[PDB]
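What follows is a single structure, written as structure tokens, with notes after it.
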Amino acid sequence: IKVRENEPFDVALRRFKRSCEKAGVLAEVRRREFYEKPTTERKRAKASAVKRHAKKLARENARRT
Amino acid sequence: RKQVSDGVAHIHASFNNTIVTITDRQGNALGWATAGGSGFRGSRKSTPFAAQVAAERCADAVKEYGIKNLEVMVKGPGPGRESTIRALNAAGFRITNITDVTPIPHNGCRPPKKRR
Amino acid sequence: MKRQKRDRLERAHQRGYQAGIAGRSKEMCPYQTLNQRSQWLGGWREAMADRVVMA
Amino acid sequence: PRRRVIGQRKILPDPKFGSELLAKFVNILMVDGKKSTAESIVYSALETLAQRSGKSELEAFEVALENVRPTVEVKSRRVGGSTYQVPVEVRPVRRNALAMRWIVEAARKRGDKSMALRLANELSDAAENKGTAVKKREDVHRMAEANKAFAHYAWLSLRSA
Amino acid sequence: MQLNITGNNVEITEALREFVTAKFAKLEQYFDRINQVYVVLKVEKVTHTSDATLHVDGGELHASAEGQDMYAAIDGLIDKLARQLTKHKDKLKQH
RNA sequence: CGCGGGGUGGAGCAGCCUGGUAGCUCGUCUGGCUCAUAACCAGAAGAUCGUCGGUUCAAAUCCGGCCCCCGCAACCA
RNA sequence: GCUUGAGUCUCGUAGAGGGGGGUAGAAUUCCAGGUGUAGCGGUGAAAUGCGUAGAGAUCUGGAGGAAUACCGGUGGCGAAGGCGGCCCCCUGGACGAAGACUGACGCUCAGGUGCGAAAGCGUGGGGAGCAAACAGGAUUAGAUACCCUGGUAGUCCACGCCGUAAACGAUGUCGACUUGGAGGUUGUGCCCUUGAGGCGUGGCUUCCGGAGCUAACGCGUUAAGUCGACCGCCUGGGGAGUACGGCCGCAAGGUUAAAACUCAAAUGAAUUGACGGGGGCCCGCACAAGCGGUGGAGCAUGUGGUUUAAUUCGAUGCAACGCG
RNA sequence: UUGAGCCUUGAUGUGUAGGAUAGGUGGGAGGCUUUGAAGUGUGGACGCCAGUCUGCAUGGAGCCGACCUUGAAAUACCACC
């Protein structure tokens with residue numbers, strides 16, 4: 003994004019913030035208007051969020067290991 | 012040939028190709044080299060190694076302008092984009108700062124529908 | 001007819017690496033023991049970077 | 001196989017010279033299950049490699065071998081529709097055996113009168129960097145070095161030694 | 001692609017061999033390069049059945065069809081073979 | 001009916017805008033690859049440089065003569 | 001008469017609720033100019049395409065159109081359809097606290113009227129990007145397709161029409177009652193706001209589960225539980241939401257809506273298998289790494305065919321073909 | 001800004017052979033220099049990456065020709081180009 007600093011620099015910070023927000027929004031916006039399935043993909047994503055949270059929570063009983 | 016001191020290294024880094032345009036501070040071009048023109052063809056253009064060979068074949072043929080230090084702009088979410096700046100640390104340059112000029116619209120025009 | 005290859009330790013690595021590259025952003029198909037889950041996830045996170053470097 | 005880093009057995013060294021590489025070389029051109037006449041071909045060829053080279057025989061064979069041993073070797077892979085070759089580094093056990101297989105095939109070509117004369121001349125041009133197995137060596141290096149742009153995922157040669 | 005005809009209790013007449021051969025040739029031309037085809041005709045007191053084994057580059061593929069008059073069984077077998085061929089063909093295209 | 005330009009692998013042409021060794025894509029031949037054809041990649045031969053002359057050490061390159069083209073004309077017996 | 005149902009008033013509260021107007025930034029495209037030169041673009045691979053007439057890239061300027069990244073929240077508002085930059089003007093509804101006021105003014109509603117995504121149609125503008133039709137390149141046995149390169153209606157605005165959608169919560173509206181938990185959002189009361197604190201209280205909403213219900217799946221105080229009021233609709237599958245007739249519409253067509261015939265089924269949910277060009281894990285001469293073969297040749301042996309007086313009979317994918 | 005033409009000048013012309021980035025032809029042992037020398041403070045061109053031109057010295061009074069290799073002998077010097 004914007005990295006300038008003193009002599010140990012230039013790679014890790016930049017590939018971090020660059021890679022995350024860059025690859026996110028460009029890999030999203032590169033095609034597929036969709037108009038309809040951000041609704042479905044957010045609904046499935048967040049239903050999977052509550053199912054993963056409750057699933058790990060009630061899966062915190064035992065596993066016989 | 013102009014005897015320039017510093018330059019600005021734009022790296023267009025699309026999916027199918029990387030082109031590397033080393034310019035000056037002013038914004039007008041001094042020399043460019045692509046990942047297609049370095050012998051790599053078709054699918055082989057779409058590798059980081061062809062971007063590295065592109066940055067080499069630009070970093071010489073900008074020798075005659077005498078650039079000690081350059082900035083790095085990188086546009087495009089491609090498979091190059093990091094090997095091509097390792098290939099500018101290694102090519103004998105002083106990297107001033109690295110930016111990101113990847114165009115993110117505050118969603119405007121409509122993208123294509125492409126895949127099935 | 002001989003014995004198992006790299007006894008699930010760095011086979012658990014490459015299962016997590018192949019499963020890391022071919023999507024599966026679950027990180028929820030590992031083993032359950034610690035010494036194999038640790039590097040199923042280790043190969044998974046080593047495969048996310050190898051997904052960023054390519055298409 | 002899927003399983004089994006296999007319990008490996010070693011070989012007998014060569015009688016006339018203190019070498020197991022040479023005994024492996026006898027086992028390469030040991031066609032049809034017959035070791036003795038292959039030993040006579042190898043000894044009969046290293047003698048005229050000594051007289052047609054001046055230097056000693058074991059160093060003659062080894063210097064003649066290191067000009068055909070490879071470094072990179074292609075592995076054909078397919079993803080989707082493409083089927084490109086990807087350079088893997090050869091492991092140094094496979095290295096010299098892959099050299100000797102090319103020497104022995106290039107000696108089964110080239111046809112002169114006798115097999116010891118064919119293999120003797122083929123090792124001579126392998127010292128001269130001139131014959132057939134150096135052309136196959138340079139073919140392998142040209143196509144692995146030409147396809148050098150592929151270093152990837154997990155199906156080949158994990159981290160280091 | 002050479003078609004070999006054989007018959008268990010079914011006397012293979014020359015008009016029977018002409019028709020089967022034509023149908024097989026037509027199918028071979030339409031779907032894939034085929035190397036060899038074995039045809040077996042069985043009659044079991046009621047059921048006119050037919051077997052076919054196609055040897056194609058990928059490998060063997062087989063089908064079987066029971067009918068009423070032998071001709072019907074042959075037609076069923078040929079359609080089944082064509083369906084199997086479509087599966088094998090783009091099973092080894094799969095770009 | 002005289003001026004110009006071209007004669008170089010099978011073909012298209014660079015070489016010759018300062019004489020010293022024949023070059024690139026295809027077609028054509030291998031090999032790797034592919035289920036086979038393909039596509040990709042890596043190698044190889046492919047010419048006495050249109051024919052005779054001469055100008056110097058040595059000419060595809062410079063100059064005469066001939067043949068074949070392509071244009072410009074002269075084309076009002 | 002009465003105030004609990006319903007409604008009004010005084011304070012606030014949040015909100016992509018609606019209509020009109022204006023404006024901002026990023027990006028895409030084009031045009032003019034500069035630098036610069038051999039490729040760009042695209043795919044699973046490619047080619048069509050664009051480029052030595054200077055493209056792609058990079059910089060400066062300008063034009064025009066459209067949509068509003070982040071905030072963005074199983075968050076919010078709306079009767080539903082739906083509504084996301086920011087600001088102004090006009091305007092609807094909901095909610096809560098404390099009172100006052102009217103006094104059953106209420107619920108539902110056939111016909112009717114109104115609103116009603118997208119596509120489409122008419123008139124006039126506008127046209128960046130995308131994109132049916134269409135062209136071309138591929139792919140394929142074929143490929144009027146998916147993939148690629150282009151590209152016109154349309155997408156946008158103003159005014160009319162159409163009146164349908166998987167218009168879905170596949171759940172009519174209104175009201176009452178009936179164990180819990182975890183959250184979201186939005187008000188409000190008290191107390192040590194003394195600390196993002198504690199205890200209650202209303203509204204809207206998300207998930208999980210109790211009895212109960214259900215054919216099961218599942219629903220479960222926002223019910224598909226227990227009841228009440230009113231309306232719409234169903235009576236085997238196909239024919240068929242089709243024909244004829246009416247009504248509406250510029251048309252496309254929408255609504256209302258049969259019958260002859262034909263079948264003994266059609267269906268919903270769940271089960272055990274089998275199957276998948278679904279997934280995960282393990283293994284196999286399955287692939288990879290190699291060695292030697294078969295297919296070319298002569299001959300042996302077996303089989304099919306043909307022949308014959310008979311060429312005895314059987315074995316026929318793997319699992320018949322030097323087999324009995 | 002910019003071609004084109006014309007003068008006046010000034011650089012450039014490494015095949016092979018090799019002391020060498022020798023252009024041709026002809027003449028040809030005379031000029032260079034203390035009008036403050038080879039090296040380089042220096043700064044470039046060319047650059048067929050090895051050698052030549054000129055800018056300023058702090059040095060300061062020096063160099064080749066015939067005589068070694070070549071179809072060829074020297075921008076040792078000059079003329080015509």
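Protein chains in written order, with the authors' numbering: chain u, 3 to 67; chain k, 12 to 127; chain v, 1 to 55; chain g, 1 to 161; chain x, 1 to 95. Here a beta-carbon is modelled for each residue, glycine too, at the ideal position from N, C-alpha and C.
Measure the beta-carbon distance from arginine 3 (chain v) to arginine 91 (chain g) and round it to whole angstroms, keeping in mind my assumption that it falls under 8 Å.
Locating residue 3 (chain v) in the third sequence gives position 3, where the first residue counts as 1. Locating residue 91 (chain g) in the fourth sequence gives position 91, where the first residue counts as 1. Actually they do not touch by this definition, with Cβ atoms about 21 Å apart.
So with CB distances below 9 Å, who are the chain u contacts of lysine 13 (chain k)?
To locate residue 13 (chain k), count along the second sequence from 1; it is residue 2. In chain order: nothing, as chain u lies at least about 26 Å away.
Can a CB atom of chain k be found closer than 8 Å to the CB of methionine 48 (chain v)?
As a working note, residue 48 (chain v) is residue 48 in the third sequence. Judged by the 8 Å Cβ criterion, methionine 48 (chain v) is not in contact with chain k.
What residues in the stretch 2-16 of chain v have a beta carbon less than 9 Å from any beta carbon of chain g?
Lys2, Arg3, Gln4, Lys5, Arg6, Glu10, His13, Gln14
For the ligand FMN, I want to know if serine 94 (chain k) counts as a neighbour, meaning its beta carbon is within less than 7 Å of at least one of the ligand's heavy atoms.
Annotation note on the ligand FMN: not contained in the displayed structure, which lists no ligands.
Cutoff 8 Å: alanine 61 (chain k) Cβ touching any chain g Cβ
Translated into the one-based positions of the second sequence, residue 61 (chain k) becomes position 50. With a threshold of 8 Å between beta carbons, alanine 61 (chain k) makes contact with chain g.
Whole runs of the beta strand (DSSP E) within the stretch 37-79 of chain k, excluding any shorter than 3 residues
40-45
Status (buried if at least 16 other CB within 10 Å, exposed otherwise) for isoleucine 115 (chain k)
As a working note, residue 115 (chain k) is residue 104 in the second sequence. Counting Cβ neighbours within 10 Å, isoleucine 115 (chain k) comes out exposed, since fewer than 16 surround it.
With distances taken between CB atoms, is the gap from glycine 18 (chain k) to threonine 32 (chain k) smaller than 8 Å?
Stepping through the second sequence from its first residue, residue 18 (chain k) is reached at position 7. Stepping through the second sequence from its first residue, residue 32 (chain k) is reached at position 21. No, the Cβ-Cβ distance between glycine 18 (chain k) and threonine 32 (chain k) is not below 8 Å.
Listed by chain order, chain v residues near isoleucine 6 (chain g) by CB distance under 7 Å:
Locating residue 6 (chain g) in the fourth sequence gives position 6, counting from the first residue. Those within 7 Å of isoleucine 6 (chain g) in chain v are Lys2.
Interface flag, residue 67 (chain v) vs chain g, CB-CB below 8 Å:
Chain v is shown only over 1 to 55; residue 67 (chain v) falls outside these bounds and no answer can be derived.
Proximity to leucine 41 (chain v) [Cα-Cα], best of v:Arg51, v:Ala12, v:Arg6
The sequence position of residue 41 (chain v) within the third sequence is 41, counting from 1. The residue with the shortest Cα to Cα distance from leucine 41 (chain v) is v:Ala12.
Return the chain-ordered list of same chain residues with a C-beta closer than 6 Å to the C-beta of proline 59 (chain k), the five sequence neighbours on each side being excluded.
Translated into the one-based positions of the second sequence, residue 59 (chain k) becomes position 48. Closer than 6 Å at Cβ, skipping near neighbours: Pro90, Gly91, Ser94.
Could you check if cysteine 22 (chain u) is buried or exposed, using at least 16 other CB atoms within 10 Å of its CB as the buried criterion?
Within the first sequence, residue 22 (chain u) is the residue found at index 20, counting from 1. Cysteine 22 (chain u) comes out exposed.
Can you list, in chain order, the residues of its chain with a C-beta nearer than 7 Å to that of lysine 75 (chain g)? Leave out the 5 residues immediately preceding and following it.
Within the fourth sequence, residue 75 (chain g) is the residue found at index 75, counting from 1. Exclusion of the five residues before and after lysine 75 (chain g) leaves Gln85, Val86, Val88, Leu156 as the residues of its chain whose Cβ lies within less than 7 Å of its Cβ.
Tell me the DSSP secondary structure of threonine 113 (chain k) in three-state form.
Within the second sequence, numbered from 1, the residue matching residue 113 (chain k) stands at position 102. Correct three-state label for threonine 113 (chain k): coil.
Are the Cβ atoms of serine 49 (chain k) and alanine 24 (chain k) separated by less than 8 Å?
Residue mapping note: residue 49 (chain k) aligns to position 38 of the second sequence, counting from 1. Residue mapping note: residue 24 (chain k) aligns to position 13 of the second sequence, counting from 1. Against a cut-off of 8 Å, the Cβ pair of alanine 24 (chain k) and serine 49 (chain k) comes out as no contact.
Where does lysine 42 (chain x) sit, in a helix, a strand or coil, going by DSSP?
Within the fifth sequence, residue 42 (chain x) is the residue found at index 42, counting from 1. Of the three classes helix, strand and coil, the one that applies to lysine 42 (chain x) here is strand, per DSSP.
Beta-carbon separation of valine 26 (chain g) and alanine 45 (chain g) under 8 Å?
Walking along the fourth sequence from the start, residue 26 (chain g) turns up at place 26. Walking along the fourth sequence from the start, residue 45 (chain g) turns up at place 45. Not in contact: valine 26 (chain g) and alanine 45 (chain g) (Cβ atoms no closer than 8 Å).
Please state whether the Cβ-Cβ distance between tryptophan 44 (chain v) and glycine 16 (chain v) is less than 8 Å.
Taking the third sequence and counting its residues from 1, one reaches residue 44 (chain v) at position 44. Taking the third sequence and counting its residues from 1, one reaches residue 16 (chain v) at position 16. Yes, these two residues count as a Cβ contact at 8 Å.
How many angstroms separate the CA atom of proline 123 (chain k) from the CA atom of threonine 6 (chain x)?
Position 112 of the second sequence, counted from the first residue, corresponds to residue 123 (chain k). Position 6 of the fifth sequence, counted from the first residue, corresponds to residue 6 (chain x). Cα-Cα distance, rounded: 58 Å.
If you count every other CB in all the chains shown that lies within 10 Å of the CB of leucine 85 (chain x), and 16 or more means buried, which is it?
Along the fifth sequence, read from residue 1 onward, the residue named residue 85 (chain x) stands at position 85. Under this definition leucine 85 (chain x) is a buried residue.
Three-state secondary structure assigned by DSSP to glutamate 11 (chain x)
As a working note, residue 11 (chain x) is residue 11 in the fifth sequence. DSSP places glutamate 11 (chain x) in coil when its eight states are reduced to three.
Minimum Cβ-Cβ distance from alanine 14 (chain u) to chain v less than 8 Å:
Along the first sequence, one-based indexing puts residue 14 (chain u) at 12. Not an interface residue.
Taking CB distances under 8 Å as the criterion, tell me whether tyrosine 153 (chain g) reaches chain v.
Walking along the fourth sequence from the start, residue 153 (chain g) turns up at place 153. Closer than 8 Å: yes.
Extract the residue ranges of the alpha helix (DSSP H) inside the stretch 10-89 of chain x, only unbroken runs of 4 or more that lie entirely within it.
Under the rule that a run must span 4 or more residues, the alpha helix (DSSP H) segments found entirely inside the stretch 10-89 of chain x read 14-31.
Residues of chain v with a CB under 7 Å from the CB of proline 90 (chain k): which are they?
Start at 1 with the first residue of the second sequence, and residue 90 (chain k) comes out as number 79. In chain order: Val53, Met54, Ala55.
Beta bridge counterpart(s) of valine 85 (chain k) as assigned by DSSP
As a working note, residue 85 (chain k) is residue 74 in the second sequence. Answer is k:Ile22.
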